[PDB]
Every structure is written in C-alpha cells, then in structure tokens.
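For reference, protein.txt (compact mmCIF, C-alpha atoms and all ligand atoms):
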```txt
# COMPACT_ATOMS: atom_id res chain seq x y z
CA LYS A 52 -23.25 -13.00 -19.86
CA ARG A 53 -19.86 -12.14 -18.35
CA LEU A 54 -17.46 -10.18 -20.55
CA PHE A 55 -13.72 -9.65 -20.42
CA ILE A 56 -12.76 -6.20 -19.11
CA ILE A 57 -9.68 -4.68 -20.76
CA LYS A 58 -7.47 -2.94 -18.18
CA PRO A 59 -3.81 -1.97 -17.94
CA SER A 60 -1.48 -4.27 -16.05
CA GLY A 61 -2.15 -3.86 -12.33
CA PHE A 62 0.51 -6.37 -11.28
CA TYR A 63 3.47 -4.00 -11.04
CA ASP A 64 1.78 -1.22 -9.05
CA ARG A 65 0.44 -3.78 -6.57
CA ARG A 66 3.88 -5.38 -6.27
CA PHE A 67 5.52 -2.01 -5.58
CA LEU A 68 2.93 -1.10 -2.95
CA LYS A 69 3.36 -4.46 -1.21
CA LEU A 70 7.17 -4.14 -1.24
CA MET A 71 7.10 -0.61 0.18
CA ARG A 72 4.64 -1.61 2.90
CA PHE A 73 6.74 -4.67 3.75
CA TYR A 74 10.00 -2.78 4.19
CA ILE A 75 8.47 0.18 6.04
CA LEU A 76 6.72 -2.20 8.44
CA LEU A 77 9.75 -4.49 8.74
CA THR A 78 11.69 -1.67 10.29
CA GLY A 79 8.83 0.26 11.91
CA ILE A 80 7.00 -2.42 13.89
CA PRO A 81 10.09 -3.19 16.04
CA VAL A 82 10.58 0.56 16.53
CA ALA A 83 6.98 1.04 17.70
CA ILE A 84 7.21 -1.98 20.01
CA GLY A 85 10.48 -0.70 21.46
CA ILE A 86 9.07 2.79 22.00
CA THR A 87 6.01 1.36 23.78
CA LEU A 88 8.10 -0.98 25.95
CA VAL A 89 10.50 1.82 26.89
CA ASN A 90 7.63 4.17 27.74
CA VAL A 91 5.85 1.56 29.86
CA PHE A 92 8.83 0.13 31.73
CA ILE A 93 11.27 3.08 31.68
CA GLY A 94 9.19 6.20 32.17
CA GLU A 95 10.26 9.81 31.94
CA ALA A 96 12.55 11.45 34.46
CA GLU A 97 11.08 13.59 37.24
CA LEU A 98 12.25 17.18 37.63
CA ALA A 99 14.20 17.70 40.85
CA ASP A 100 16.48 20.24 42.48
CA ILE A 101 20.23 19.84 42.10
CA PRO A 102 21.67 18.53 45.39
CA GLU A 103 24.40 20.64 46.95
CA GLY A 104 27.85 19.99 45.53
CA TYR A 105 26.58 17.78 42.69
CA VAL A 106 27.57 18.40 39.07
CA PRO A 107 25.10 16.62 36.76
CA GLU A 108 26.06 15.14 33.43
CA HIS A 109 24.76 16.96 30.36
CA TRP A 110 22.36 14.18 29.35
CA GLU A 111 20.85 14.48 32.85
CA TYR A 112 19.30 17.79 31.77
CA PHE A 113 16.67 16.03 29.61
CA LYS A 114 13.66 13.97 30.63
CA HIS A 115 12.88 11.45 27.94
CA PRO A 116 14.91 8.21 28.09
CA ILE A 117 15.46 8.05 24.32
CA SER A 118 16.49 11.71 24.18
CA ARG A 119 18.81 11.17 27.15
CA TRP A 120 20.36 8.15 25.44
CA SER B 2 -29.22 8.47 -52.31
CA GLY B 3 -28.20 5.75 -49.87
CA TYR B 4 -25.10 3.59 -49.83
CA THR B 5 -23.14 2.70 -52.91
CA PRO B 6 -22.61 -1.06 -53.37
CA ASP B 7 -18.96 -0.74 -52.31
CA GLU B 8 -19.92 1.04 -49.08
CA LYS B 9 -22.65 -1.51 -48.37
CA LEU B 10 -20.30 -4.46 -48.92
CA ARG B 11 -17.56 -2.97 -46.75
CA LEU B 12 -20.14 -2.35 -44.03
CA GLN B 13 -21.30 -5.98 -44.13
CA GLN B 14 -17.74 -7.31 -43.94
CA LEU B 15 -16.77 -4.98 -41.08
CA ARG B 16 -20.02 -5.84 -39.28
CA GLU B 17 -19.30 -9.57 -39.52
CA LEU B 18 -15.75 -9.09 -38.22
CA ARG B 19 -16.92 -6.81 -35.39
CA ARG B 20 -19.63 -9.24 -34.31
CA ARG B 21 -17.04 -12.03 -34.23
CA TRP B 22 -14.74 -9.85 -32.12
CA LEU B 23 -17.55 -9.01 -29.69
CA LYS B 24 -18.51 -12.68 -29.43
CA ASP B 25 -14.89 -13.54 -28.63
CA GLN B 26 -14.93 -11.18 -25.63
CA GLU B 27 -17.30 -13.55 -23.79
CA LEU B 28 -15.91 -15.48 -20.83
CA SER B 29 -15.91 -19.27 -20.78
CA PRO B 30 -17.18 -20.81 -17.52
CA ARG B 31 -13.65 -21.12 -16.07
CA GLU B 32 -12.03 -17.87 -17.26
CA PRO B 33 -11.31 -16.33 -13.81
CA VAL B 34 -8.87 -19.08 -12.84
CA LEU B 35 -8.05 -17.91 -9.33
CA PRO B 36 -4.73 -19.21 -7.97
CA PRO B 37 -4.49 -20.41 -4.35
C1 LIG C 201 1.72 1.61 6.50
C2 LIG C 201 2.97 1.91 5.67
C3 LIG C 201 2.63 2.43 4.27
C4 LIG C 201 3.40 3.72 3.92
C5 LIG C 201 2.93 4.95 4.72
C6 LIG C 201 4.08 5.92 5.05
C7 LIG C 201 4.75 5.62 6.42
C8 LIG C 201 5.94 6.54 6.70
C9 LIG C 201 6.54 6.33 8.12
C10 LIG C 201 7.91 7.03 8.28
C11 LIG C 201 8.49 6.87 9.69
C12 LIG C 201 7.66 7.63 10.76
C13 LIG C 201 8.32 7.57 12.17
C14 LIG C 201 7.95 8.80 13.05
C15 LIG C 201 8.48 8.67 14.49
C16 LIG C 201 7.53 9.33 15.51
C17 LIG C 201 7.35 8.49 16.78
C18 LIG C 201 6.83 9.33 17.97
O1 LIG C 201 7.37 10.34 18.25
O2 LIG C 201 5.73 8.88 18.73
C19 LIG C 201 4.92 9.93 19.27
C20 LIG C 201 3.92 9.31 20.24
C21 LIG C 201 4.66 8.81 21.49
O3 LIG C 201 5.12 9.94 22.23
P1 LIG C 201 6.22 9.67 23.47
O4 LIG C 201 7.10 10.89 23.65
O5 LIG C 201 7.09 8.48 23.15
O6 LIG C 201 5.40 9.39 24.90
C22 LIG C 201 5.76 10.18 26.03
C23 LIG C 201 5.25 9.43 27.31
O7 LIG C 201 6.38 9.08 28.06
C24 LIG C 201 4.47 8.13 26.99
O8 LIG C 201 3.28 8.13 27.76
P2 LIG C 201 2.86 6.77 28.61
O9 LIG C 201 3.74 6.67 29.83
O10 LIG C 201 1.43 6.88 29.05
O11 LIG C 201 3.04 5.42 27.66
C25 LIG C 201 2.16 5.23 26.57
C26 LIG C 201 2.33 3.81 26.04
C27 LIG C 201 1.30 2.89 26.71
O12 LIG C 201 0.05 3.56 26.72
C28 LIG C 201 -1.06 2.74 27.08
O13 LIG C 201 -0.93 1.57 27.15
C29 LIG C 201 -2.42 3.38 27.39
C30 LIG C 201 -3.29 3.48 26.14
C31 LIG C 201 -4.79 3.52 26.47
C32 LIG C 201 -5.31 2.18 27.04
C33 LIG C 201 -6.33 2.39 28.19
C34 LIG C 201 -7.56 1.46 28.06
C35 LIG C 201 -7.23 0.17 27.30
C36 LIG C 201 -6.95 -1.01 28.23
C37 LIG C 201 -8.16 -1.35 29.11
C38 LIG C 201 -8.43 -2.87 29.17
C39 LIG C 201 -7.23 -3.64 29.81
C40 LIG C 201 -7.04 -3.30 31.31
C41 LIG C 201 -7.97 -4.14 32.23
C42 LIG C 201 -7.88 -5.66 31.92
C43 LIG C 201 -9.25 -6.33 31.93
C44 LIG C 201 -10.16 -5.80 30.80
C45 LIG C 201 -11.44 -5.17 31.34
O14 LIG C 201 2.12 3.81 24.66
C46 LIG C 201 3.17 4.40 23.90
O15 LIG C 201 4.30 4.28 24.25
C47 LIG C 201 2.83 5.22 22.62
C48 LIG C 201 2.71 4.33 21.38
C49 LIG C 201 4.04 4.18 20.65
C50 LIG C 201 3.93 4.59 19.17
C51 LIG C 201 5.31 4.96 18.56
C52 LIG C 201 5.22 5.26 17.04
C53 LIG C 201 6.43 4.67 16.26
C54 LIG C 201 6.12 4.52 14.74
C55 LIG C 201 7.41 4.25 13.92
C56 LIG C 201 7.13 3.35 12.69
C57 LIG C 201 6.56 4.15 11.49
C58 LIG C 201 5.76 3.24 10.51
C59 LIG C 201 4.40 2.81 11.09
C60 LIG C 201 4.40 1.32 11.55
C61 LIG C 201 4.08 1.17 13.04
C62 LIG C 201 3.26 -0.11 13.34
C63 LIG C 201 1.86 -0.06 12.72
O16 LIG C 201 3.29 8.22 19.62
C64 LIG C 201 1.97 8.47 19.14
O17 LIG C 201 1.76 8.50 17.97
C65 LIG C 201 0.80 8.70 20.12
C66 LIG C 201 -0.50 9.05 19.39
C67 LIG C 201 -1.75 8.56 20.13
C68 LIG C 201 -2.43 9.67 20.97
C69 LIG C 201 -3.96 9.64 20.84
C70 LIG C 201 -4.46 10.35 19.55
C71 LIG C 201 -5.12 11.71 19.85
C72 LIG C 201 -6.01 12.21 18.69
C73 LIG C 201 -6.12 13.76 18.69
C74 LIG C 201 -6.50 14.33 17.30
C75 LIG C 201 -8.01 14.15 16.98
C76 LIG C 201 -8.34 14.49 15.51
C77 LIG C 201 -8.66 13.24 14.67
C78 LIG C 201 -7.40 12.58 14.08
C79 LIG C 201 -7.11 11.23 14.72
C80 LIG C 201 -6.20 10.36 13.86
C81 LIG C 201 -5.02 9.80 14.65
```
Would you put the structure from the file into structure tokens?
Amino acid sequence: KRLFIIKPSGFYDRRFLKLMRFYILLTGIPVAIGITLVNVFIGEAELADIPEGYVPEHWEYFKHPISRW
Amino acid sequence: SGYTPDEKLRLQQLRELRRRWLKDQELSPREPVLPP
C-alpha cells in the first residue's frame, strides 16, 4: 500500500529559491555574454613604449577594456 | 494483576480510533494528482 507522508509545506522555500535564481540569472546571463563577447572581439591592450612627445590619457595605462572603460 | 476494566475499555476505544486513523492515511488510486 501507499501511505500519505506528513511533511511541512515545501511550497514557499521552493518559490523563494526559484525567484532568487530567476533574478540573479536575469541580470547575470547578459553580463556573462557581454564579458565573453568583449573578450573575444575586443581583446586586451598590448604593452608598448610611449612614443616621443606623446602624453597618454590616464585610462591608457590599463590593459583590460572593461577596466579602461 | 493485569488491567482494570476501565483501563481495558479505554485501551479498546483508543485502539479502534487509532486503527481508523491509520486506515485513513492510505492513498486512493488518484491521490498524487499531478498538475501539468
Ligand atoms: C545560479 C544562481 C543561484 C545563486 C548562487 C549565487 C550567485 C551569486 C553571483 C553574484 C555575482 C558574481 C559576479 C562576479 C563577477 C566576476 C566575473 C569575472 O571576473 O570573470 C573572471 C573570468 C574572466 O576573466 P577575464 O579578465 O574577463 O579574461 C581575461 C582575458 O582577456 C580573456 O581571455 P580570452 O581572450 O581567451 O577569452 C576567453 C573567452 C573565450 O574563451 C574561449 O572561447 C575558449 C574556451 C575553451 C574552448 C576550446 C575548445 C572548445 C572548442 C573546440 C570545438 C570548436 C572549434 C572547432 C569547430 C569544429 C569542432 C571540432 O571566454 C571568456 O570571456 C570567459 C568567460 C566569461 C565568464 C564571465 C563571468 C560573469 C558571471 C556574472 C554573473 C554571475 C551569476 C552567474 C550566472 C552566469 C551564467 C550561468 O571568468 C571566469 O570565471 C573564467 C573561469 C574559467 C577558467 C577555467 C577553470 C580553471 C579551474 C582551476 C581550478 C581547479 C580546481 C577544481 C575547481 C573547478 C571548479 C570551477
């Protein structure tokens, strides 16, 4: 025979976990896609000597595109 | 020695009620009605 199993209400914990996952992913999947696309199609800067008479901008002293931005 | 008639009678009544309660815990053939 199959008997009823008495448990506490699991509806609310499951709902909270689903909501948290949804919102975290909703903002974090576009961020991951953007990071991957930037890395693939806009790589990191290459270290080079300062040409004579040139005064670089401050953001030009960093190599990652997101850090530079 | 043994149960007094009051104790025996209370035991029979509680046993009947408990057996009914345990029988009621059984699942009918459709109890897990899964939604789509
Ligand atoms: C689930 C939710 C529930 C709740 C949980 C709580 C969640 C809380 C979250 C809170 C928010 C957190 C946000 C934090 C922000 C941090 C982001 C960051 O800084 O990224 C860092 C880092 C990126 O660093 P970077 O500075 O941007 O890169 C610098 C370079 O310019 C880049 O180098 P590149 O030029 O080579 O380009 C690489 C490029 C491209 O690389 C490649 O394509 C190559 C890969 C290999 C492929 C080669 C073979 C495969 C293909 C072959 C077949 C096809 C070809 C041939 C075709 C025919 C087929 C035969 O890929 C990338 O760009 C990196 C991936 C981007 C990931 C960014 C992460 C953002 C997450 C933010 C959202 C947070 C929520 C999570 C949701 C996210 C979605 C799930 O991202 C990583 O995590 C990398 C980790 C992977 C490395 C390998 C792992 C090594 C393991 C060693 C340890 C071993 C011990 C065992 C443990 C292992 C377990 C892992």
*Counting all atoms listed in the file, which residues of chain A come no farther than 8 Å from chain B, as a list in words?*
residues 52, 53, 54 and 55 of chain A
*Between A:67, A:73, A:105, A:112, which has the minimum distance to ligand LIG 201 (chain C) (counting only C-alpha atoms and all ligand atoms)?*
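For ligand LIG 201 (chain C), the nearest of the given residues is A:73.
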Return as a PDB file with C-alpha atoms, keeping the file's coordinate frame the residues of protein, DNA or RNA that approach ligand LIG 201 (chain C) to within 7 Å, with all atoms listed in the file taken into account.
```
ATOM      1  CA  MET A  71       7.100  -0.610   0.180  1.00  0.00           C
ATOM      2  CA  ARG A  72       4.640  -1.610   2.900  1.00  0.00           C
ATOM      3  CA  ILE A  75       8.470   0.180   6.040  1.00  0.00           C
ATOM      4  CA  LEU A  76       6.720  -2.200   8.440  1.00  0.00           C
ATOM      5  CA  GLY A  79       8.830   0.260  11.910  1.00  0.00           C
ATOM      6  CA  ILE A  80       7.000  -2.420  13.890  1.00  0.00           C
ATOM      7  CA  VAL A  82      10.580   0.560  16.530  1.00  0.00           C
ATOM      8  CA  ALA A  83       6.980   1.040  17.700  1.00  0.00           C
ATOM      9  CA  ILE A  84       7.210  -1.980  20.010  1.00  0.00           C
ATOM     10  CA  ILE A  86       9.070   2.790  22.000  1.00  0.00           C
ATOM     11  CA  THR A  87       6.010   1.360  23.780  1.00  0.00           C
ATOM     12  CA  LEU A  88       8.100  -0.980  25.950  1.00  0.00           C
ATOM     13  CA  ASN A  90       7.630   4.170  27.740  1.00  0.00           C
ATOM     14  CA  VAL A  91       5.850   1.560  29.860  1.00  0.00           C
ATOM     15  CA  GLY A  94       9.190   6.200  32.170  1.00  0.00           C
ATOM     16  CA  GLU A  95      10.260   9.810  31.940  1.00  0.00           C
ATOM     17  CA  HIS A 115      12.880  11.450  27.940  1.00  0.00           C
TER      18      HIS A 115
END
```
Using all atoms of segment 101-107 of chain A that appear in the file, construct an axis-aligned enclosing box with 3 Å of padding on every side and provide its centre coordinates and edge lengths in Å, rounded to one decimal, as AutoDock Vina command-line options.
```
--center_x 24.0 --center_y 18.6 --center_z 41.9 --size_x 13.6 --size_y 10.0 --size_z 16.2
```
*Of the residues A:56, A:120, A:81, A:111, which is the one nearest to residue 96 of chain A, using only C-alpha atoms?*
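Selected residue with least distance to residue 96 of chain A: A:111.
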